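A quick note on method: Cβ atoms are made from the backbone with ideal geometry, for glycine too, and the neighbour counts reach across all protein chains shown. Please treat every number below as a calculation from the coordinates, not as lab data.
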Amino acid sequence: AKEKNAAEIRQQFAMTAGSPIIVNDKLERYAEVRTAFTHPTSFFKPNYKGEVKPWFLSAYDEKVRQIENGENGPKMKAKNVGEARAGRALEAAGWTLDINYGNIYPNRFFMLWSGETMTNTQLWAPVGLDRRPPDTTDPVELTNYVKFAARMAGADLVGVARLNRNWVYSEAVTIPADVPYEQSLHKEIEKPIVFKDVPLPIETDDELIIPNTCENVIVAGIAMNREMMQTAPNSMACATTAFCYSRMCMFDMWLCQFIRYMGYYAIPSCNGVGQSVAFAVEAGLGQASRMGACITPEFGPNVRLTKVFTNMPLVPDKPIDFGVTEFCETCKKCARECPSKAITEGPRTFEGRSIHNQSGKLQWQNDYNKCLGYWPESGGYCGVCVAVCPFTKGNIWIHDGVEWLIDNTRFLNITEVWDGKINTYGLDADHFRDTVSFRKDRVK
Amino acid sequence: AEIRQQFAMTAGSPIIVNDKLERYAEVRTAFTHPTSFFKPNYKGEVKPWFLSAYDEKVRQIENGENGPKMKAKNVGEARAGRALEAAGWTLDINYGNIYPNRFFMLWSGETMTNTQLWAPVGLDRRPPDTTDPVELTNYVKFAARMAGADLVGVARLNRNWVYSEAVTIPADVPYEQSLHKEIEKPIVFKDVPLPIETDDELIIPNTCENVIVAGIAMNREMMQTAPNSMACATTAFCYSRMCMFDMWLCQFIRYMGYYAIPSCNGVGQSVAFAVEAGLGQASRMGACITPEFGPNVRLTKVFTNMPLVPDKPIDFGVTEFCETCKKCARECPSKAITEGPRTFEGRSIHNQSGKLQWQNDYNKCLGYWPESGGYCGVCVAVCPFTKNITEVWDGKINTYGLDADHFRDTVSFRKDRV
Ligand SMILES: Oc1ccc(Br)cc1
Ligand SMILES: Oc1ccc(Br)cc1
Ligand SMILES: Oc1ccc(Br)cc1
Ligand SMILES: Oc1ccc(Br)cc1
Ligand code: SF4
Ligand code: SF4
Ligand code: SF4
Ligand code: SF4
């Protein structure tokens, strides 16, 4: 006659301890300014009138053009102008709790490295939870507590790894502390991230200082909505992306406060501080893939990541190998469907394709300037590679009577989305049992 | 979805009122009123009630307890429950976000970082492209589910449930002085284009036709630990879910060409709005009891001129069940809940007289919070419609504390949205 079981799947494919990422001697920490979103070589893109602008402003011009022409995406006619409008209103509102598309500035706005000034900390100050020494130092108990809190805080997946500094940005993109929001985009700077023998995360005029005791990284997966992502590259894919960034932000703040009130310190990050995919792989959420994302058993790549760094003692999780690398070796669906041909069809190498790649680690090397170039053209955040990946299909797992396996057969419109199935936070009750959690699967 | 249609009433507010009903000044709630605000701690020192409750939380942690007379596994566990509770409140100002047009509860999006970033697109400046209330109701409910509501309904705004005067703070007062500088400010309805605040008044436009009410489900296993710390924790986390819902949904409504007023625990009485919007029925304890969650669900609401189709109120027999049940009243640690019949006369200043309801003594309720060091919730926990702490921490959990064994009950398609 067997119903899907993520705990069994993860146990079946668990590896022995050790970072799965393969590196050589060319590896150096990566300056965040090099990402396509920020680097001068990629930052500017033409709009549909040929005017060269910051990429997100050129994308804005295309969003406005599509609404006026009753389109939900590039050459994709909406039911009417009102439907086109509704999709961009949903997208825009999803970003409500996110600063400048990613919350990357460390220790600014929502991403504070200390809780001292937050209104919640001030209200609770008489209890002294953030000043009382920890009552628990046992990593086993702390891992159970912090993972339970993580699920409360909106994570669909949570894992723990030792912090690998190779993936922490050599220098962050940030703004001076005295610069108000309305000037932030004009006053962005770089600032080194360094590790020193200090008791608490602290920021000087010159440096963002992470303590040498910052042992661990907690990684969260924030599930996006399948029906909406499958509209990629059209507006509804932008909306599930946007809403999950605000979920990421709430997660980080909730969890950091929990960790602080347990007597440790905690650094939030969302898209800042370090490379989420690498942390997620080392924390066992999933495997790296040809497109470059972390592919998870539960959601494929259709899941966002955030992470929190802490000195709280924790038990690292085991990495997972459910065969993604070998599937990506033969699949190439994302490479073939990518509207900008940004994804390589070749083998993995240690050699960066351009400045946006960190050389010295074995991965599929993609041209992320080509990817970013398609966003102003399509007026969105694309996501076609996520949408076409077979691992994004909700039912890829089958049980053969003995064990779990991937179904190889899987590798061979917006009005209906607005009118169709939805549930709280865009989660799907047909799959929400995938992420049920008991102590047995939080810590062994 | 068929249960709720099975029990739909015809249109019309189910709340029975008389000639004496008047709008209720928010200062009168037990949380804020000077007759109920100060309570002794366990040492006998009289303080603001939440400060006396803090002292009990400290004392329990030190004594390795999760609640009154309830030993924890160890001090570490006691600490963890209070750390979780305190963290849950991260996105909430001074227990409830009640000050209108302050902090998270802004009546205009114009100064929000999100609005500024999106300004070149001009979605908040562009006239509505959709005025059909049917399509708007489908769009905004879909948005509401994305925004974290497990239940959503629409009603015409009954001004009887809007506070006559809000509790707020002067606009330039910093957060650190807020608790000490709370003031009263009238909420009035005038012929103005947009919601606006003057030195003297919070002005809601006469065009503000509708209220959208959201139900935000709490975790059943955690609330079952009431009056102990883990029921405090699911309470707290849902207040921050409430705040994110309000901001997300207001931004959606504004980017659609309308205005939107958030509220969380402020602006007006959530239980009344929820009953008129069809989420559930009023109950003996005073809460809105829903078919999906019983009373184990928090409420928030957003006010807007967006054309919408009002939902029908529902009758699935709560009133007749509450007549004979009285379990909440017998389990209530403070004897706050009446065993008697419904009347139009409030028992004290904390009740709004003029509406038929079970009249409860809410000062007796609040008095149990400093004694127990939490937000109680025993009434919610024992209610039949709702159906140790180490086992909760070691037991089932899922995203936002939702439960996959019941999450299918809140699936939604267009047919059940409008
Ligand atoms: O991950 C993302 C970052 C920025 C934008 Br805009 C969209 C997606
Ligand atoms: O007087 C006080 C009021 C509130 C807090 Br919190 C601390 C002190
Ligand atoms: O509704 C609530 C208001 C204040 C507290 Br403290 C807890 C719950
Ligand atoms: O020059 C700018 C105009 C609008 C934005 Br948003 C950012 C920069
Ligand atoms: S589409 Fe195919 S090659 Fe691309 S990431 Fe998914 S499985 Fe790998
Ligand atoms: S987001 Fe789009 S353009 Fe970018 S890699 Fe994926 S498919 Fe290609
Ligand atoms: S919260 Fe507790 S004290 Fe208050 S009415 Fe309910 S049972 Fe009684
Ligand atoms: S416990 Fe009984 S009387 Fe009290 S609200 Fe629930 S059903 Fe009604």
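Structure data summary
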item	result
Rounded to whole Hz, the Karplus (6.51, -1.76, 1.60) HN-Hα couplings of the range B:294-302, x for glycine and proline	x, x, 7, 8, 8, 10, 9, 7, 10
Likely footprinting exposure, B:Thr343, B:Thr225, A:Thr35, fewest C-beta neighbours within 10 Å first	B:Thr343, A:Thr35, B:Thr225
Unit Cα scatterers, Debye sum, the range B:119-251: log10 I(q)/I(0) for q = 0.19, 0.20 Å⁻¹	-1.34, -1.34
Magnitude of the charge dipole, the protein assembly as shown, Cβ model with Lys/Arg +1 and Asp/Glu -1, debye to 20	1000 debye
Förster radius 41 Å - calculated FRET efficiency between B:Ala8 and B:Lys181 (Cβ-Cβ, nearest 0.05)	0.35
Gap separating the Cα centres of the range B:31-57 and the range B:96-138, nearest whole Å	38 Å
B:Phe321/B:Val411 FRET efficiency (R0 22 Å; Cβ-Cβ; nearest 0.05)	0.25
Cut-off 16 Å, label 7 Å out along Cα→Cβ of A:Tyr48, residues of the range A:339-375 by amide N	A:374-375
Reduced Cα scattering model of the range A:304-444, Debye log10 I(q)/I(0), q = 0.14, 0.17, 0.20, 0.22 Å⁻¹	-1.06, -1.37, -1.41, -1.41
Value of Rg/Rh across the protein assembly as shown [Cα atoms, Kirkwood radius]	0.95
For the range B:62-121, diffusion coefficient by Stokes-Einstein and Kirkwood Rh (Cα), 20 °C, 1.002 mPa s, µm²/s	145 µm²/s
Gained length - B:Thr198 relative to B:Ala171, 0.36 nm times residue gap less alpha-carbon distance	8.7 nm
Loop trypsin sites (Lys or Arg not before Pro), the range B:123-212 (other Cβ atoms within 10 Å of the site Cβ: 13 or fewer; DSSP)	B:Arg125, B:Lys181
Karplus 3J(HN,Hα) series, Hz, for the range A:52-67 with 6.51 cos²θ - 1.76 cosθ + 1.60 (x for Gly, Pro)	8, 9, x, 3, 5, 6, 4, 5, 3, 4, 6, 4, 4, 4, 5, 4
Positive-end extreme of charge dipole, the protein assembly as shown - chosen from A:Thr174, B:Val152, A:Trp95 (charges on Cβ)	B:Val152
Rounded FRET efficiency, nearest 0.05, which uses the C-beta distance separating B:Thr207 from B:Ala1 and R0 of 30 Å	0.40
Simple spin-label estimate for A:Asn24 and B:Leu356 in nanometres, 7 Å along Cα-Cβ	8.3 nm
Estimated D of the range A:305-357 in µm² per second, where Rh is the Kirkwood radius over Cα pairs and Stokes-Einstein applies at 37 °C, 0.692 mPa s	221 µm²/s
Cross-link table A:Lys2/B:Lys141; A:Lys191/A:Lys318; A:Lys147/B:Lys57; A:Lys370/A:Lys421; A:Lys318/B:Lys396, entries beyond 27 Å C-alpha to C-alpha	A:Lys2/B:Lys141; A:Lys191/A:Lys318; A:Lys370/A:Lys421
MRE, 222 nm, helices only [DSSP H, n ≥ 4, -39500 (n - 2.57), over the protein assembly as shown, to nearest 500]	-8500 deg cm²/dmol
Residues A:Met76, A:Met262, sorted so that the one with the fewest Cβ neighbours within 10 Å comes first	A:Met76, A:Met262
Using θ = phi - 60° and Karplus 6.51 cos²θ - 1.76 cosθ + 1.60, couplings along the range A:236-248 (whole Hz; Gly, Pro as x)	5, 5, 5, 5, 5, 4, 5, 4, 6, 5, 6, 4, 4
Residue order, fewest to most surrounding Cβ atoms within 10 angstrom, among A:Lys63, B:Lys47, B:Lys327	B:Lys327, B:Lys47, A:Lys63
For the range A:209-224 and the range A:293-313, distance of Cα centres in Å	10 Å
Calculated diffusion of chain A, Stokes-Einstein form, Kirkwood radius summed over Cα pairs, 25 °C and 0.890 mPa s, µm²/s	109 µm²/s
